[PDB]
Number of protein chains: 4
Amino acid sequence: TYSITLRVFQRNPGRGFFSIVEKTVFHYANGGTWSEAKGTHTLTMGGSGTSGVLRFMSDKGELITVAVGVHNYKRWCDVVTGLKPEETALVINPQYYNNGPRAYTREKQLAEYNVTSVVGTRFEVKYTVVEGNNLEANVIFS
Amino acid sequence: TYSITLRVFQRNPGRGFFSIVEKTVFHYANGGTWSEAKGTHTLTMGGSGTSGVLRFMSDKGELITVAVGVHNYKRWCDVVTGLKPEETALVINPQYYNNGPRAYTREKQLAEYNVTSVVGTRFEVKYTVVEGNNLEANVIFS
Amino acid sequence: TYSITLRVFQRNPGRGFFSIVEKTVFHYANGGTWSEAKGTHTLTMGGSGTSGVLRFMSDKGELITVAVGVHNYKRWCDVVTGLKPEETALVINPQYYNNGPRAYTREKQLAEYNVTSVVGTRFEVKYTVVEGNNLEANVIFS
Amino acid sequence: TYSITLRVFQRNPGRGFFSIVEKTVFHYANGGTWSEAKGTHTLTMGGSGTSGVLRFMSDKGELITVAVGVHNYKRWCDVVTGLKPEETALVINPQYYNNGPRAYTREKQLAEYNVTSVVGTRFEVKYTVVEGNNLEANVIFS
């Protein structure tokens with residue numbers, strides 16, 4: 001199995017406050033499950049080659065997704081911003097697979113990624129444990 | 001908009017204790033979002049014609065999904081049991097649409113449904129507010 | 001250290017639906033802390049001789065407390081029903097100590113307790129692991 | 001009645017990551033209750049003259065309390081850092097009343113408070129809605 005444990009940091013009240021509105025798990029590698037403990041989120045997966053997505057909404061209405069997973073035994077991540085309401089995590093997660101438009105990002109196997117949304121919100125994913133089967137990352141808003 | 005608020009009742013410790021492991025929202029009707037308040041779960045949707053799925057796992061390893069949504073202005077529900085680990089909610093939610101194998105169940109527009117899993121766990125969805133745009137249901141395990 | 005992990009089973013929608021409104025830890029035995037994981041609640045304590053209280057409120061307005069702890073190396077529990085709004089868990093938890101009016105209930109070292117409230121709600125605490133330092137109980141509202 | 005809604009912003013992973021370990025409500029003003037919705041926390045109280053406390057623990061072991069309440073119709077707040085394990089919120093909340101050692105801090109009726117702990121963690125409580133019965137504050141760990 002692989003697990004990825006996320007801690008969510010929110011830095012700047014002027015950007016609003018984000019909460020989870022959806023959580024998906026892709027079906028490869030025997031799937032996987034999200035769980036919560038002590039204010040953290042863990043994605044547990046059946047092997048290498050799958051992922052999951054958290055979609056967040058701020059109290060100012062902004063919608064963004066965070067994807068994390070393992071590709072060929074190495075962690076990967078992505079963040080998509082500026083989402084329309086119909087672009088649910090259920091739409092986004094499969095776009096990393098089957099030659100979809102985000103597959104290239106998975107294939108980069110990034111240990112960190114940074115993006116600012118068009119409305120001005122910074123998002124970062126930073127793995128703090130970057131090797132092995134029990135991975136850890138901080139997700140930082142603002 | 002439509003909302004569906006769920007309260008989860010668990011009746012029988014011998015069946016184990018279930019917790020959420022995934023939550024999806026289908027992309028029709030401008031999508032929608034899950035939220036939590038006072039121990040309840042609300043699916044808020046952009047209009048009639050979409051749905052969302054909660055997948056649960058028990059501490060005995062059982063995997064089941066609960067689907068709720070609105071079809072032609074009337075509520076619907078379904079429960080799928082006996083799931084394999086790769087049959088994530090991301091797999092299940094779309095099966096209600098595009099002539100998929102569960103579409104017939106959505107089309108029934110049920111206000112209640114009951115199923116027992118092969119391993120012997122009873123599940124019921126029962127709408128308590130069955131008309132209008134702010135719907136309410138109890139989800140009962142065991 | 002001692003821990004007590006609780007699983008809350010709400011059986012009967014006719015009683016309404018309860019959620020936590022307060023969680024206290026008494027200061028003996030070097031204190032302790034509440035945590036949440038996978039829908040369960042764990043009280044971790046620094047030794048034998050202390051306790052904590054969860055207060056619950058139903059969506060019908062009912063207020064009740066559940067107390068769990070370890071006294072002379074044996075688990076104990078209590079449920080207090082029919083509470084007024086001013087009788088917060090902060091009021092109730094100390095009543096088990098310093099010769100307070102609930103000390104005798106702690107002293108019973110009960111592994112199970114059953115009580116039905118003035119509005120008809122049945123409550124049960126039943127330890128499923130009843131010895132050792134890693135205690136487990138089901139809390140059932142019926 | 002009065003309510004205080006809190007949004008918790010954790011800014012700085014170097015301080016570790018905090019989660020709630022206790023939540024108390026003082027018994028004046030007909031008590032009150034904590035609730036959670038969309039990742040936020042609301043203390044609802046029966047009138048002016050009471051308060052509640054959230055105790056937090058970091059994954060590095062740090063223990064701190066945040067107190068919020070209403071005194072003579074004006075909001076107040078406090079943050080206590082450097083706590084020992086035996087100094088539970090159940091110990092701290094009463095210290096604001098009955099001529100206890102923290103009463104003067106309640107009496108200040110602060111709309112903002114800033115303190116840095118012995119291990120270097122910066123804490124701020126800043127009310128964003130500072131008047132009326134529906135109060136709002138940001139709690140920032142930095």
# chains A, B, ... in the order shown; residues from 1 in each chain; ligands from 1
>>> interface_residues(of="chain C", to="chain D", cutoff="7 Å", atoms="only C-alpha atoms", output="list in words")
residues 21, 22, 23, 24, 25, 26, 27, 28, 30, 31, 32, 33, 34, 35, 85, 86, 87, 88 and 90 of chain C
>>> write_last_selection(atoms="N, CA, C and O atoms", output="short mmCIF file (atom, residue, chain, number, x, y, z; two decimals), in the first residue's frame")
data_model
loop_
_atom_site.label_atom_id
_atom_site.label_comp_id
_atom_site.auth_asym_id
_atom_site.auth_seq_id
_atom_site.Cartn_x
_atom_site.Cartn_y
_atom_site.Cartn_z
N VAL C 21 -21.50 18.96 21.68
CA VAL C 21 -21.48 20.40 21.93
C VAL C 21 -20.38 20.81 22.92
O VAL C 21 -20.23 22.00 23.17
N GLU C 22 -19.68 19.86 23.54
CA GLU C 22 -18.68 20.19 24.56
C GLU C 22 -17.87 18.93 24.81
O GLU C 22 -18.42 17.81 24.74
N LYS C 23 -16.60 19.09 25.15
CA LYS C 23 -15.77 17.95 25.54
C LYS C 23 -14.79 18.41 26.59
O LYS C 23 -13.98 19.29 26.30
N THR C 24 -14.80 17.85 27.79
CA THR C 24 -13.95 18.29 28.89
C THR C 24 -13.01 17.16 29.31
O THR C 24 -13.29 16.00 29.07
N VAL C 25 -11.90 17.54 29.96
CA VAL C 25 -10.99 16.58 30.57
C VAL C 25 -10.67 17.06 31.98
O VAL C 25 -10.28 18.21 32.19
N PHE C 26 -10.82 16.15 32.94
CA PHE C 26 -10.50 16.49 34.31
C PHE C 26 -8.97 16.50 34.53
O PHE C 26 -8.21 15.80 33.82
N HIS C 27 -8.51 17.28 35.51
CA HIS C 27 -7.10 17.58 35.64
C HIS C 27 -6.24 16.58 36.40
O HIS C 27 -5.02 16.73 36.38
N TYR C 28 -6.82 15.57 37.03
CA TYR C 28 -6.05 14.55 37.69
C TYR C 28 -5.26 13.73 36.67
O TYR C 28 -5.52 13.77 35.46
N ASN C 30 -2.37 13.90 35.41
CA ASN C 30 -1.69 14.67 34.39
C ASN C 30 -2.60 15.00 33.21
O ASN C 30 -2.11 15.25 32.11
N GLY C 31 -3.92 15.06 33.44
CA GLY C 31 -4.81 15.47 32.38
C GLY C 31 -4.93 14.47 31.26
O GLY C 31 -4.85 13.25 31.44
N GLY C 32 -5.22 15.00 30.07
CA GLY C 32 -5.57 14.17 28.92
C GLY C 32 -6.17 15.00 27.84
O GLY C 32 -6.38 16.21 28.01
N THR C 33 -6.46 14.36 26.71
CA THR C 33 -6.87 15.05 25.51
C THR C 33 -7.86 14.20 24.72
O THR C 33 -7.72 12.98 24.65
N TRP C 34 -8.82 14.86 24.10
CA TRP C 34 -9.73 14.21 23.16
C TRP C 34 -9.17 14.32 21.75
O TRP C 34 -8.60 15.36 21.38
N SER C 35 -9.36 13.28 20.96
CA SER C 35 -9.03 13.32 19.53
C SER C 35 -10.13 12.59 18.76
O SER C 35 -10.96 11.87 19.33
N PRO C 85 -29.80 23.87 30.21
CA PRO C 85 -28.72 24.51 29.44
C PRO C 85 -27.56 25.00 30.31
O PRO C 85 -26.41 25.00 29.83
N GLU C 86 -27.82 25.40 31.56
CA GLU C 86 -26.74 25.91 32.39
C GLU C 86 -25.85 24.79 32.93
O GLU C 86 -24.79 25.06 33.50
N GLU C 87 -26.27 23.54 32.82
CA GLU C 87 -25.50 22.41 33.34
C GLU C 87 -24.57 21.91 32.25
O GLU C 87 -24.78 20.86 31.63
N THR C 88 -23.51 22.67 32.04
CA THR C 88 -22.56 22.36 30.97
C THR C 88 -21.66 21.19 31.42
O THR C 88 -21.64 20.81 32.61
N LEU C 90 -18.61 21.36 31.76
CA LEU C 90 -17.69 21.99 32.68
C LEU C 90 -18.24 21.95 34.12
O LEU C 90 -17.47 21.86 35.08
#
>>> calpha_fit_and_write(fixed="chain C", moving="chain A", output="PDB file with C-alpha atoms, in the first residue's frame")
ATOM      1  CA  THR A   1      -1.263   6.207  29.824  1.00  0.00           C
ATOM      2  CA  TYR A   2      -4.867   5.072  29.447  1.00  0.00           C
ATOM      3  CA  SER A   3      -7.042   5.592  26.398  1.00  0.00           C
ATOM      4  CA  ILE A   4     -10.760   5.127  25.905  1.00  0.00           C
ATOM      5  CA  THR A   5     -12.054   4.984  22.321  1.00  0.00           C
ATOM      6  CA  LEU A   6     -15.762   5.562  21.741  1.00  0.00           C
ATOM      7  CA  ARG A   7     -17.981   4.726  18.781  1.00  0.00           C
ATOM      8  CA  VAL A   8     -21.346   6.464  18.731  1.00  0.00           C
ATOM      9  CA  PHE A   9     -24.358   4.485  17.447  1.00  0.00           C
ATOM     10  CA  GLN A  10     -27.729   6.207  16.991  1.00  0.00           C
ATOM     11  CA  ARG A  11     -30.606   3.818  16.516  1.00  0.00           C
ATOM     12  CA  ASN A  12     -33.880   5.650  16.281  1.00  0.00           C
ATOM     13  CA  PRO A  13     -34.530   8.738  14.177  1.00  0.00           C
ATOM     14  CA  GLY A  14     -37.707   9.451  16.152  1.00  0.00           C
ATOM     15  CA  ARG A  15     -35.460  10.543  19.031  1.00  0.00           C
ATOM     16  CA  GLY A  16     -33.637  13.078  16.872  1.00  0.00           C
ATOM     17  CA  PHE A  17     -29.993  13.131  15.966  1.00  0.00           C
ATOM     18  CA  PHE A  18     -27.296  13.981  18.505  1.00  0.00           C
ATOM     19  CA  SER A  19     -24.023  15.858  17.997  1.00  0.00           C
ATOM     20  CA  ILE A  20     -21.233  16.886  20.362  1.00  0.00           C
ATOM     21  CA  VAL A  21     -21.468  20.347  21.909  1.00  0.00           C
ATOM     22  CA  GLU A  22     -18.690  20.174  24.549  1.00  0.00           C
ATOM     23  CA  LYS A  23     -15.805  17.940  25.583  1.00  0.00           C
ATOM     24  CA  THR A  24     -13.981  18.256  28.932  1.00  0.00           C
ATOM     25  CA  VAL A  25     -11.037  16.562  30.593  1.00  0.00           C
ATOM     26  CA  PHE A  26     -10.538  16.461  34.351  1.00  0.00           C
ATOM     27  CA  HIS A  27      -7.166  17.600  35.710  1.00  0.00           C
ATOM     28  CA  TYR A  28      -6.093  14.573  37.756  1.00  0.00           C
ATOM     29  CA  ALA A  29      -3.498  12.101  36.486  1.00  0.00           C
ATOM     30  CA  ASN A  30      -1.780  14.745  34.333  1.00  0.00           C
ATOM     31  CA  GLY A  31      -4.958  15.474  32.415  1.00  0.00           C
ATOM     32  CA  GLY A  32      -5.613  14.170  28.941  1.00  0.00           C
ATOM     33  CA  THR A  33      -6.909  15.069  25.508  1.00  0.00           C
ATOM     34  CA  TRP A  34      -9.768  14.216  23.156  1.00  0.00           C
ATOM     35  CA  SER A  35      -9.058  13.369  19.530  1.00  0.00           C
ATOM     36  CA  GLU A  36     -11.048  12.185  16.532  1.00  0.00           C
ATOM     37  CA  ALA A  37     -10.203   9.625  13.889  1.00  0.00           C
ATOM     38  CA  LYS A  38     -12.324   7.696  11.378  1.00  0.00           C
ATOM     39  CA  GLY A  39     -15.510   8.931  12.982  1.00  0.00           C
ATOM     40  CA  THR A  40     -14.522   7.769  16.499  1.00  0.00           C
ATOM     41  CA  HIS A  41     -13.497   9.698  19.612  1.00  0.00           C
ATOM     42  CA  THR A  42     -10.531   8.865  21.856  1.00  0.00           C
ATOM     43  CA  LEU A  43      -9.839  10.215  25.327  1.00  0.00           C
ATOM     44  CA  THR A  44      -6.128   9.817  26.113  1.00  0.00           C
ATOM     45  CA  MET A  45      -5.249  10.282  29.816  1.00  0.00           C
ATOM     46  CA  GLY A  46      -1.950  10.594  31.677  1.00  0.00           C
ATOM     47  CA  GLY A  47      -2.650   7.738  34.082  1.00  0.00           C
ATOM     48  CA  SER A  48      -5.384   6.172  36.178  1.00  0.00           C
ATOM     49  CA  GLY A  49      -7.657   8.488  38.169  1.00  0.00           C
ATOM     50  CA  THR A  50      -9.129  10.939  35.681  1.00  0.00           C
ATOM     51  CA  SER A  51     -11.923  11.172  33.110  1.00  0.00           C
ATOM     52  CA  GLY A  52     -13.595  13.232  30.471  1.00  0.00           C
ATOM     53  CA  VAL A  53     -17.115  14.157  29.490  1.00  0.00           C
ATOM     54  CA  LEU A  54     -18.829  14.544  26.114  1.00  0.00           C
ATOM     55  CA  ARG A  55     -21.995  16.621  26.101  1.00  0.00           C
ATOM     56  CA  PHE A  56     -24.408  15.998  23.259  1.00  0.00           C
ATOM     57  CA  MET A  57     -27.371  17.968  21.976  1.00  0.00           C
ATOM     58  CA  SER A  58     -30.017  16.537  19.701  1.00  0.00           C
ATOM     59  CA  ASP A  59     -31.629  18.433  16.873  1.00  0.00           C
ATOM     60  CA  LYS A  60     -34.762  18.223  19.051  1.00  0.00           C
ATOM     61  CA  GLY A  61     -32.973  20.172  21.818  1.00  0.00           C
ATOM     62  CA  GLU A  62     -32.207  17.338  24.302  1.00  0.00           C
ATOM     63  CA  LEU A  63     -28.945  17.704  26.339  1.00  0.00           C
ATOM     64  CA  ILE A  64     -27.099  14.762  27.816  1.00  0.00           C
ATOM     65  CA  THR A  65     -23.578  13.949  29.029  1.00  0.00           C
ATOM     66  CA  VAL A  66     -21.464  10.816  28.739  1.00  0.00           C
ATOM     67  CA  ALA A  67     -18.583  10.445  31.233  1.00  0.00           C
ATOM     68  CA  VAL A  68     -15.795   7.868  30.863  1.00  0.00           C
ATOM     69  CA  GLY A  69     -12.583   7.430  32.815  1.00  0.00           C
ATOM     70  CA  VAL A  70     -10.383   5.093  34.852  1.00  0.00           C
ATOM     71  CA  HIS A  71     -10.606   4.767  38.618  1.00  0.00           C
ATOM     72  CA  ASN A  72      -8.069   2.610  40.493  1.00  0.00           C
ATOM     73  CA  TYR A  73      -7.025   0.990  37.198  1.00  0.00           C
ATOM     74  CA  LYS A  74     -10.560   0.020  36.142  1.00  0.00           C
ATOM     75  CA  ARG A  75     -12.857   1.703  33.653  1.00  0.00           C
ATOM     76  CA  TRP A  76     -15.952   3.606  34.682  1.00  0.00           C
ATOM     77  CA  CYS A  77     -18.837   5.367  32.934  1.00  0.00           C
ATOM     78  CA  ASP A  78     -21.959   7.372  33.537  1.00  0.00           C
ATOM     79  CA  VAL A  79     -24.685   9.121  31.549  1.00  0.00           C
ATOM     80  CA  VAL A  80     -26.631  12.150  32.825  1.00  0.00           C
ATOM     81  CA  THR A  81     -29.861  13.141  31.086  1.00  0.00           C
ATOM     82  CA  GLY A  82     -32.455  15.873  31.356  1.00  0.00           C
ATOM     83  CA  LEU A  83     -29.816  18.588  31.573  1.00  0.00           C
ATOM     84  CA  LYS A  84     -30.667  22.239  31.715  1.00  0.00           C
ATOM     85  CA  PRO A  85     -28.708  24.572  29.404  1.00  0.00           C
ATOM     86  CA  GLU A  86     -26.596  25.924  32.292  1.00  0.00           C
ATOM     87  CA  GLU A  87     -25.547  22.374  33.325  1.00  0.00           C
ATOM     88  CA  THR A  88     -22.603  22.302  30.979  1.00  0.00           C
ATOM     89  CA  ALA A  89     -20.003  19.521  30.880  1.00  0.00           C
ATOM     90  CA  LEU A  90     -17.746  21.972  32.699  1.00  0.00           C
ATOM     91  CA  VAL A  91     -20.260  21.778  35.596  1.00  0.00           C
ATOM     92  CA  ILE A  92     -20.782  18.025  35.381  1.00  0.00           C
ATOM     93  CA  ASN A  93     -17.225  16.628  35.088  1.00  0.00           C
ATOM     94  CA  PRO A  94     -16.036  17.915  38.484  1.00  0.00           C
ATOM     95  CA  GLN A  95     -19.138  16.474  40.229  1.00  0.00           C
ATOM     96  CA  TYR A  96     -17.475  13.057  40.057  1.00  0.00           C
ATOM     97  CA  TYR A  97     -14.617  14.238  42.299  1.00  0.00           C
ATOM     98  CA  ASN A  98     -13.901  16.006  45.605  1.00  0.00           C
ATOM     99  CA  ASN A  99     -16.806  14.204  47.317  1.00  0.00           C
ATOM    100  CA  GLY A 100     -19.195  15.586  44.714  1.00  0.00           C
ATOM    101  CA  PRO A 101     -22.647  14.170  44.158  1.00  0.00           C
ATOM    102  CA  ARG A 102     -21.707  11.792  41.319  1.00  0.00           C
ATOM    103  CA  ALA A 103     -18.546  10.332  42.894  1.00  0.00           C
ATOM    104  CA  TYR A 104     -20.414   7.152  43.886  1.00  0.00           C
ATOM    105  CA  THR A 105     -21.033   6.420  40.224  1.00  0.00           C
ATOM    106  CA  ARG A 106     -17.351   6.669  39.326  1.00  0.00           C
ATOM    107  CA  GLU A 107     -16.542   4.399  42.288  1.00  0.00           C
ATOM    108  CA  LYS A 108     -18.760   1.656  40.836  1.00  0.00           C
ATOM    109  CA  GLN A 109     -16.251   1.150  38.001  1.00  0.00           C
ATOM    110  CA  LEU A 110     -19.013   0.068  35.632  1.00  0.00           C
ATOM    111  CA  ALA A 111     -18.341  -1.642  32.322  1.00  0.00           C
ATOM    112  CA  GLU A 112     -21.902  -0.847  31.184  1.00  0.00           C
ATOM    113  CA  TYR A 113     -24.687   1.510  32.082  1.00  0.00           C
ATOM    114  CA  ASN A 114     -28.207   2.225  30.722  1.00  0.00           C
ATOM    115  CA  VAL A 115     -30.547   5.171  31.328  1.00  0.00           C
ATOM    116  CA  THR A 116     -33.724   6.505  29.671  1.00  0.00           C
ATOM    117  CA  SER A 117     -34.279  10.261  29.778  1.00  0.00           C
ATOM    118  CA  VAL A 118     -37.521  11.731  31.033  1.00  0.00           C
ATOM    119  CA  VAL A 119     -38.376  12.639  27.451  1.00  0.00           C
ATOM    120  CA  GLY A 120     -37.932   8.977  26.475  1.00  0.00           C
ATOM    121  CA  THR A 121     -34.472   8.622  24.908  1.00  0.00           C
ATOM    122  CA  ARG A 122     -32.446   5.500  25.775  1.00  0.00           C
ATOM    123  CA  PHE A 123     -28.685   5.825  26.255  1.00  0.00           C
ATOM    124  CA  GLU A 124     -26.220   3.029  26.860  1.00  0.00           C
ATOM    125  CA  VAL A 125     -22.478   2.895  27.359  1.00  0.00           C
ATOM    126  CA  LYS A 126     -21.042  -0.583  26.845  1.00  0.00           C
ATOM    127  CA  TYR A 127     -17.325  -1.303  27.076  1.00  0.00           C
ATOM    128  CA  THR A 128     -16.222  -3.855  24.459  1.00  0.00           C
ATOM    129  CA  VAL A 129     -12.617  -3.928  25.681  1.00  0.00           C
ATOM    130  CA  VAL A 130     -12.935  -3.837  29.464  1.00  0.00           C
ATOM    131  CA  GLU A 131      -9.403  -4.433  30.753  1.00  0.00           C
ATOM    132  CA  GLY A 132      -5.960  -3.026  30.101  1.00  0.00           C
ATOM    133  CA  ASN A 133      -4.811   0.414  29.049  1.00  0.00           C
ATOM    134  CA  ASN A 134      -6.473   0.743  25.604  1.00  0.00           C
ATOM    135  CA  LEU A 135     -10.168   0.526  26.410  1.00  0.00           C
ATOM    136  CA  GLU A 136     -13.063   0.626  23.913  1.00  0.00           C
ATOM    137  CA  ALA A 137     -16.752   1.352  24.319  1.00  0.00           C
ATOM    138  CA  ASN A 138     -19.874   1.771  22.283  1.00  0.00           C
ATOM    139  CA  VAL A 139     -22.201   4.666  23.136  1.00  0.00           C
ATOM    140  CA  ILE A 140     -25.705   3.886  21.888  1.00  0.00           C
ATOM    141  CA  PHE A 141     -28.541   6.382  21.585  1.00  0.00           C
ATOM    142  CA  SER A 142     -32.145   5.259  21.086  1.00  0.00           C
TER     143      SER A 142
END
>>> select_by_dssp(residues="chain D", states="strand (DSSP E)", output="PyMOL selection string")
chain D and resi 2-10+18-25+32-37+40-45+51-58+63-71+74-80+112-116+122-129+134-141
>>> select_by_dssp(residues="chain B", states="alpha helix (DSSP H)", output="list in words")
residues 89, 90, 91, 92, 103, 104, 105, 106 and 107 of chain B
